[PDB]
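Chains as they are written, first to last, in the deposited numbering: chain B, 1 to 52, 52A, 53 to 82, 82A to 82C, 83 to 97, 97A to 97F, 98 to 100, 100A, 101 to 213; chain A, 1 to 29, 29C, 31 to 214.
Idealized CB from N, CA, C, for every residue including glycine.
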Amino acid sequence: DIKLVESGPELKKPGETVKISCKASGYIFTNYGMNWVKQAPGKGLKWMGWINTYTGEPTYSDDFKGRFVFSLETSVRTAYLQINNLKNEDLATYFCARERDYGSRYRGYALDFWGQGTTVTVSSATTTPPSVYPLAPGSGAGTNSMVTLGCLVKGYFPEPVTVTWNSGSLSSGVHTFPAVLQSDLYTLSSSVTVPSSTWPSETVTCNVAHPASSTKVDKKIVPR
Amino acid sequence: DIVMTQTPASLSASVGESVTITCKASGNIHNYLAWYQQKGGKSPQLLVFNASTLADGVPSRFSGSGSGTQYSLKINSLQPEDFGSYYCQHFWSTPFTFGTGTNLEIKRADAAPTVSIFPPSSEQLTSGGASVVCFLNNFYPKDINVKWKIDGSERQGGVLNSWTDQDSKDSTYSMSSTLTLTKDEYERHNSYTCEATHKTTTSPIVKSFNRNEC
């Protein structure tokens, strides 16, 4: 019943500001403190501070003084995290988390319910849609019980993109590889393995979406 | 401020095996500590709070202990999906700092990658570009090297590699390697080869095609 939902991924230029929201429900919002946690890619969790949901008074880690501001809008059980004068080191995912209990102030409590996290990309690079390419086996490879297919999602910015197969009806034997940034452009691929007795007989398509550019491609994988 | 020193940085153990993660506080935190588990690209999950109390719904194979400055997280009889990152955190006085984290990998039998190569698509070539892709799927250990060869000569420039996280079901890893060239350079050569060197073989595990785009 209790759940915290955060806003979507943000793309901001250095020097700009970003405001993240965290909507709570399922409990008395004003009874539990709300904490904020940062996590840069491949790095660990960093406590930023917490905000007293009853008084609105924030408490920041000395490492997050000045540029960060926690706020509230109790009316709609929402907590906000605003970051001013963004810099590349602010590029990371930010989580809001509820304190498991209450009653004390000087002490803290474990974080039981967490938002899904909001990824903030700090870059000057421009938004670019991806090109979606079908990856079908070579003509003269054949043979076998299984056949591996794929899709190449190239030249987009920023993250994320979603890639599914046959609208999600194909999930077994699927591998989606993390995007790699090269020259301000992202590239990612995904592979799917199905019975050679089913493809090319039965249709296999990868569904690709890039929210930032509103791109939606359903690329059918056809023999060569 | 009280800082948490977590050990070890990484662990690798087999299903059914046991492991212990340590976290020492720079000052007495009187049991105000919790342990979290975090899967790649997901919110951390609370495992234990108040040093040894199991969070609701968490398997009993996870247990916490300790007092003063010394705390431990013990995982009893590992399950395939216990891989991921684990963090401790204290909350005796702000700041409520987290430990550096411990990455846990499930150790399994070595497995050679299954290699698949893919010539550039017709729609990418019309755009003037040409990416040759190679999938190296379901292997263990994670360490692997891919070498690209154009007409027999290694090419190390314009290559982008990406590894997946550990598979929750079979505990293997997979990696994709993309070689990008202009359509012009792609079409002035014939054989394109992708060679993987992995602990599982003393010879390269190869896959190639010639520009009839076989």
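With 7 angstroms as the threshold, decide whether the Cβ of residue 228/B is near any Cβ in chain A. Given a span of 1 to 213 for chain B in the structure shown, any question on residue 228/B remains unanswerable.
Can you list the residues of chain B that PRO95/A reaches, using a CB-CB cut of under 7 angstroms? Mapped onto the second sequence, residue 95/A falls at position 95. Here the neighbours are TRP47 and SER60.
Give the range of the beta strand (DSSP E) segment to which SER25/B is assigned. Working through the first sequence from its first residue, we reach residue 25/B at position 25. Note, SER25/B: beta strand (DSSP E), 18-25.
Let me confirm a value: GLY157/A is counted as buried when at least 16 other C-beta atoms fall within 10 Å, else exposed. Which label applies? As a first step, residue 157/A must be located in the second sequence, where it is residue number 157. Exposed.
Same chain, Cβ closer than 7 angstroms to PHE63/B, neighbours up to 5 away in sequence not counted: In the first sequence, residue 63/B corresponds to position 64, counting from 1. So the qualifying residues of the chain are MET48 and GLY49.
Inter-residue CB distance, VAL121/B and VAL142/B (contact presumed, cutoff 8 angstroms): Stepping through the first sequence from its first residue, residue 121/B is reached at position 132. Stepping through the first sequence from its first residue, residue 142/B is reached at position 153. For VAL121/B against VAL142/B, the beta-carbon gap comes to about 6 angstroms, under 8 angstroms, which counts as contact.
Where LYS143/B meets chain A, residues with beta-carbon distance less than 9 angstroms: As a first step, residue 143/B must be located in the first sequence, where it is residue number 154. Chain-ordered, the chain A residues with CB closer than 9 angstroms to the CB of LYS143/B read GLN124, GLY129, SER131, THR178 and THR180.
Just the C-alpha distance for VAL150/B and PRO80/A, rounded to the nearest angstrom, thanks. Locating residue 150/B in the first sequence gives position 161, counting from the first residue. Locating residue 80/A in the second sequence gives position 80, counting from the first residue. Near 28 angstroms, if we compare the C-alpha coordinates of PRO80/A and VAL150/B.
Per DSSP, the bridge partner or partners of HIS164/B: The sequence position of residue 164/B within the first sequence is 175, counting from 1. Partner(s): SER180/B.
Closer than 8 angstroms, Cβ to any Cβ of chain A: which residues of the stretch 160-173 of chain B, in chain order? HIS164, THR165, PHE166, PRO167, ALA168, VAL169 and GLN171
Of the residues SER25/B, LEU4/B, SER185/B and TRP188/B, the one placed nearest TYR90/B, counting alpha carbons only: Along the first sequence, read from residue 1 onward, the residue named residue 90/B stands at position 94. Of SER25/B, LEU4/B, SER185/B and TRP188/B, the residue nearest in Cα terms is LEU4/B.
Compare the C-beta of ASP101/B against all C-beta atoms of chain A and say whether one is closer than 7 angstroms. One-based indexing of the first sequence puts residue 101/B at position 112. Cβ-Cβ to chain A under 7 angstroms: yes for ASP101/B.
Report the rounded CA-to-CA distance for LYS74/A versus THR108/B, giving the unit in angstroms. Position 74 of the second sequence holds residue 74/A. Position 119 of the first sequence holds residue 108/B. The straight-line gap from Cα to Cα measures roughly 31 angstroms.
Helix, strand or coil: how does DSSP classify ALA25/A here? Working through the second sequence from its first residue, we reach residue 25/A at position 25. Three-state DSSP puts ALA25/A in a strand.
Does any residue of chain A bring its CB to less than 7 angstroms from the CB of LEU124/B? Translated into the one-based positions of the first sequence, residue 124/B becomes position 135. It does: the Cβ of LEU124/B has a partner Cβ on chain A nearer than 7 angstroms.
Inter-stretch contact at 8 angstroms, needing at least 3 Cβ pairs: the stretch 20-30 of chain B / the stretch 167-186 of chain B: no
Just the C-alpha distance for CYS194/A and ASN103/A, rounded to the nearest angstrom, thanks. Position 194 of the second sequence holds residue 194/A. Position 103 of the second sequence holds residue 103/A. Between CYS194/A and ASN103/A, the C-alpha separation is close to 30 angstroms.
How far does the alpha helix (DSSP H) with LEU125/A in it reach, from first residue to last? Your numbering for residue 125/A matches position 125 in the second sequence. From DSSP, the alpha helix (DSSP H) with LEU125/A extends over 122-125.
Can you tell which of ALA9/A, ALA13/A and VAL15/A has its C-alpha closest to the C-alpha of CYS23/A? Taking the first residue of the second sequence as position 1, residue 23/A is located at position 23. Closest option to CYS23/A, Cα to Cα, is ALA9/A.
Give a yes or no on whether the minimum CB-CB distance between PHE63/B and chain A is below 7 angstroms. Counted from its first residue, the first sequence places residue 63/B at position 64. No, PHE63/B lies away from the interface with chain A (no Cβ there is under 7 angstroms from its Cβ).
In whole angstroms, what separates the C-alpha of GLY129/B from that of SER131/A? Taking the first residue of the first sequence as 1, we reach residue 129/B at position 140. Taking the first residue of the second sequence as 1, we reach residue 131/A at position 131. About 19 angstroms.
Any contact between the stretch 132-146 of chain A and the stretch 157-175 of chain A? By contact I mean 3 or more CB pairs, one from each, below 8 angstroms. yes
Could you tell me whether the Cβ atoms of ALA93/B and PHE49/A are closer together than 7 angstroms? Along the first sequence, one-based indexing puts residue 93/B at 97. Along the second sequence, one-based indexing puts residue 49/A at 49. For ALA93/B and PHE49/A, no; Cβs fall outside 7 angstroms.
Quick one: does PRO119/A have its CB under 7 angstroms from some CB of chain B? Your numbering for residue 119/A matches position 119 in the second sequence. At least one chain B Cβ lies under 7 angstroms of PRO119/A.
Anything in chain B within Cβ reach of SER174/A, meaning under 7 angstroms, just list it in chain order. Here residue 174/A corresponds to residue number 174 of the second sequence, with the count starting at 1. What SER174/A touches in chain B: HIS164.
Give a yes or no on contact between the stretch 3-21 of chain B and the stretch 103-118 of chain B, applying the rule of three or more CB pairs nearer than 8 angstroms. yes
Please return the same chain residues whose Cβ sits closer than 8 angstroms to the Cβ of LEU82C/B, not counting the five positions on each side in sequence. On the first sequence, residue 82C/B is found 86 positions in, with the first residue counted as 1. Counting only Cβ-Cβ distances below 8 angstroms, and skipping sequence neighbours, we find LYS12, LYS13, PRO14, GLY15, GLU16, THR17, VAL18, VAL109 and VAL111.
Quick check on this structure: which residue in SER21/B, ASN196/B, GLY144/B and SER97C/B has the alpha carbon closest to the alpha carbon of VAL206/B? Residue 206/B sits at position 217 when you count from the first residue of the first sequence. Among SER21/B, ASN196/B, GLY144/B and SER97C/B, the Cα nearest to that of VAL206/B is on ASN196/B.
Counterpart residues of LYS12/B in DSSP-defined beta bridges: Counting from one through the first sequence, the residue named residue 12/B turns up at place 12. Partner(s): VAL111/B.
Between the stretch 143-164 of chain A and chain B, which residues of the former have a C-beta closer than 7 angstroms to a C-beta of the latter? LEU160, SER162 and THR164
Straight-line CA distance for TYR53/B to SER21/B? Translated into positions along the first sequence, residue 53/B becomes position 54. Translated into positions along the first sequence, residue 21/B becomes position 21. Whole-angstrom Cα-Cα distance: 18 angstroms.
Distance check for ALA112/A and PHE83/A, CA to CA, integer angstroms please. Walking along the second sequence from the start, residue 83/A turns up at place 83. Walking along the second sequence from the start, residue 112/A turns up at place 112. Computed Cα separation, rounded: 21 angstroms.
Buried or exposed: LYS199/A, going by 16 or more other Cβ atoms within 10 Å of its Cβ? Numbered from 1 along the second sequence, position 199 holds the residue referred to as residue 199/A. Exposed, because fewer than 16 other Cβ atoms sit within 10 Å of the Cβ of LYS199/A.
Best match in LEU125/A, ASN137/A, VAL115/A and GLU187/A for proximity to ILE150/A [C-alpha to C-alpha]: Numbered from its first residue, the second sequence carries residue 150/A at position 150. Out of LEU125/A, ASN137/A, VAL115/A and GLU187/A, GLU187/A has the C-alpha closest to the C-alpha of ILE150/A.
By how many angstroms is the C-alpha of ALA88/B removed from the C-alpha of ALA40/B? Here residue 40/B is taken as the residue at index 40 of the first sequence, counted from 1. Here residue 88/B is taken as the residue at index 92 of the first sequence, counted from 1. One alpha carbon belongs to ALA40/B, the other to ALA88/B, and they sit about 4 angstroms apart.
Which residue wins for smallest C-alpha separation from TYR140/A, given the options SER18/A, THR114/A, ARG211/A and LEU47/A? Sequence index remark: in the second sequence, residue 140/A carries index 140 (1-based). Measuring from the Cα of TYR140/A, the nearest candidate turns out to be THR114/A.
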